[PDB]
Protein chains: 2
Amino acid sequence: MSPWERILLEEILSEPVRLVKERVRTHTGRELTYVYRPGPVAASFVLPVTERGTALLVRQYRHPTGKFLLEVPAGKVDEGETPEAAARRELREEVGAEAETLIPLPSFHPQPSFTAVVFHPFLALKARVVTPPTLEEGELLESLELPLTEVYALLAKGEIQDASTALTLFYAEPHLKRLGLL
Amino acid sequence: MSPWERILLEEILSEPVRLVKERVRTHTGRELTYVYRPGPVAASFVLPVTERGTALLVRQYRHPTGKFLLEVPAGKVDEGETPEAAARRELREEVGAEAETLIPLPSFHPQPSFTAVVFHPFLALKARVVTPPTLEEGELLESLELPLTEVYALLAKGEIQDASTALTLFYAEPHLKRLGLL
């Protein structure tokens, strides 16, 4: 029951990422070309909090913006892998950490006008560093540790530019307050 | 002082949207190809609240996700146009509304790994409908009105899937509470 009918779907790119240019017939009967990143595709985001009420974050270079941004560990969910598994894997790869309970937070679309991707946020409890990070070629990031009070001060001051990280922090806040970590 | 050096920048698409495939030399001296939506580019998002404590929102079809999503009025910032102006223009085009004060909220990058775009959120006060909406071909949306209490109940229940709309609501919340509208 889609409002738009597919006329032709052309693959514009397969990698680095898959992009399509779709010719469709809209709700007005007229034709339109839409370019987007098709789904189903997903990524997980995880706020790792330690028992001391600090968070394990990363400062990562995001080329399109030319800036290093403060973010929660994250990454694409692999084929056949669950969002939670990808969350635990990225936590280990990027911050060399493991955690106990992972509370799933509300999923969201970062930019539905251009990509089908769904981001799945999580709050990881009792996070602890157990190994060296495993960064891949193409990724430029460093892990850091900040008291949650400072992280949330930055959020309130509007200094958290990465939308997913900001949203993850907003959804995690009541849980952190409930658990006595904030 | 960028960590990566441009080798060659190829334009992959100019419209519907501009996409580039850039060959760069990374921090490891090795080459990598990065595909992204270059900047500077921006969009404005505006939460329009009435004097009765209701919000003027839209339910819009977002093709990549195949869903109609509940969103705050929004749109790309035109060349030479300010974020606030685009906010007032989209409010008028999509919801046929005008407002008094527009409080700027923290800007954010929806997906820095793929696009340079910066989203600029605003809280519009004393919003009122003064004309019929002006929807363009390609856009499929309808405007609605909901009490802010219901909007925030949905936010807390995790039912607001559009990330920008969710983040805009989270940043607007303290202002609404301060002004006695929530």
Side-chain angles (χ1 to χ4, degrees), chain A residues 39-50 53-58 60 62 69-78 81-95 97-112 115-127 141 143 146 148 151-152 154-156 160-179 181-182, chain B residues 65 67 69-71 106 108-114 119 121 152 154-171 173:
Chain A
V41 63
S44 291
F45 285 69
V46 55
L47 170 59
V49 177
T50 66
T54 67
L56 301 185
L57 304 175
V58 302
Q60 171 161 29
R62 293 303 192 177
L69 302 170
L70 185 62
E71 304 168 352
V72 288
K76 172 186 185 289
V77 175
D78 293 325
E81 177 184 50
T82 69
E84 173 178 348
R88 291 180 188 280
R89 176 176 52 76
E90 287 292 345
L91 175 60
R92 203 172 205 290
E93 297 180 3
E94 303 191 340
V95 181
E98 279 177 356
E100 185 161 296
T101 300
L102 254 70
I103 297 167
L105 305 170
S107 290
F108 54 90
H109 288 293
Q111 182 170 34
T115 170
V117 80
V118 175
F119 282 180
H120 297 77
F122 294 91
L123 168 54
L125 304 182
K126 305 195 182 187
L141 71 82
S143 57
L146 289 179
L148 281 171
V151 176
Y152 279 86
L154 297 172
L155 180 67
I160 305 290
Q161 300 187 256
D162 178 57
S164 299
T165 293
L167 192 54
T168 297
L169 293 165
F170 276 119
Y171 283 137
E173 202 178 345
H175 288 281
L176 292 169
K177 281 177 181 173
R178 172 174 64 77
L179 297 161
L181 298 161
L182 189 65
Chain B
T65 77
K67 315 164 181 178
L69 302 170
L70 185 62
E71 304 168 352
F108 54 90
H109 288 293
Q111 182 170 34
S113 73
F114 188 79
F119 282 180
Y152 279 86
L154 297 172
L155 180 67
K157 293 177 191 172
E159 293 180 38
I160 305 290
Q161 300 187 256
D162 178 57
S164 299
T165 293
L167 192 54
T168 297
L169 293 165
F170 276 119
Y171 283 137
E173 202 178 345

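Naming: A, B, ... by sequence-line order, numbering from 1 per chain.
- Using a 4.5 Å cut-off on side-chain heavy atoms (C-beta onward), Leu154(B) and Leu169(B) make no contact.
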Only distances under 3.5 Å count here; give the side-chain donor-acceptor pairs of residues 115-125 of chain A to other protein atoms, sequence neighbours excluded, each with its distance to 0.1 Å.
from: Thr115(A); atom 1: OG1; to: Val117(A); atom 2: N; distance (Å): 3.0

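- Partners of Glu84(A) according to the salt bridge (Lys or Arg N to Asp or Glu O under 4.0 Å) rule, which considers only residues two or more places apart in sequence or in another chain, are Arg88(A).
- For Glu71(A), the salt bridge (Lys or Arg N to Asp or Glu O under 4.0 Å) partners at least two apart in sequence or on another chain are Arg62(A).
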Result block: side-chain N/O donor-acceptor pairs under 3.5 angstrom for residues 159-166 of chain B, not counting sequence neighbours:
from: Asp162(B); atom 1: OD2; to: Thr165(B); atom 2: N; distance (Å): 3.0
from: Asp162(B); atom 1: OD2; to: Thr165(B); atom 2: OG1; distance (Å): 2.7
from: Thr165(B); atom 1: OG1; to: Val72(B); atom 2: N; distance (Å): 3.2

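- A search for salt bridge (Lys or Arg N to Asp or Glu O under 4.0 Å) contacts involving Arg89(A) returns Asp78(A), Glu81(A), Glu93(A), not counting sequence neighbours.
- Residues passing the salt bridge (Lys or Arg N to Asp or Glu O under 4.0 Å) test with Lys157(B): none are found, sequence neighbours excluded.
- Taking the side chain to side chain donor-acceptor pair (under 3.5 Å) definition, one finds that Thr50(A) meets it with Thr54(A), sequence neighbours left out.
- Considering only residues two or more places apart in sequence or on other chains, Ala55(A) meets the side chain to side chain contact (heavy atoms under 4.5 Å, CB included) condition with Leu47(A), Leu57(A), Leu148(A), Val151(A).
- Residues satisfying the ring-ring contact (aromatic ring centres under 6.0 Å, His included) criterion with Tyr152(A), sequence neighbours excluded, are absent altogether.
- The side chain to side chain donor-acceptor pair (under 3.5 Å) check on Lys76(A) picks up nothing, with sequence neighbours excluded.
- Residue pairs satisfying the salt bridge (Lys or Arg N to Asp or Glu O under 4.0 Å) criterion with at least one member in residues 168-177 of chain A, sequence neighbours excluded, are listed as follows: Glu173(A)-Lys177(A).
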